[PDB]
């Protein structure tokens, strides 16, 4: 019952068969100020690894890939008017989507926060 990460610098938290997905601090730094969030429709089916949207900044687009197989249940409506929540609160108020997840074994494939710490330390050295 802890946050896990992807090698593309996304995160997911889980409770009750529902995952909440966002981007890590490393990811939001790499983008700079987010100007637009392209998010999926509620009810969209996703496979793990499937594209679900994109973030835009002056610097780049960043394509979003699902960390889990399942079905979108919520998108963060605050990001239409306040996309910069992704930078100011990437783990909390700047969450992107929530989804039910159909294959719990998939979490075992993701990175623990300890592994993600080691990952970004090695990248940044």
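Positions refer to the first chain, counted from 1.
Chemist: Take the C-alpha B-factors listed in the entry for 24-32 and for 72-80, compute each mean, and give the stretch with the larger one.
Modeler: According to the PDB entry, the answer is 72-80.
Chemist: Using the B-factors in the PDB entry, rank residue 42's C-alpha atom against the chain and give the third, lowest, middle or highest.
Modeler: Its C-alpha B-factor belongs to the highest third of this chain's values.
Chemist: Once the chain's modelled residues are ordered by C-alpha B factor and cut into thirds, is residue 57 in the lowest, middle or highest one?
Modeler: Bottom third by C-alpha B-factor.
Chemist: Can you work out whether the C-alpha temperature factor of residue 2 puts it in the lowest, middle or highest third of the chain?
Modeler: Its C-alpha B-factor belongs to the highest third of this chain's values.
Chemist: Relative to the other modelled residues in the chain, which third contains the C-alpha temperature factor of residue 113: lowest, middle or highest?
Modeler: CA B-factor rank for residue 113: middle third.
Chemist: When the modelled residues of the chain are sorted by Cα temperature factor, does residue 49 land in the lowest, middle or highest third?
Modeler: For residue 49, the deposited C-alpha B-factor lands in the highest third.
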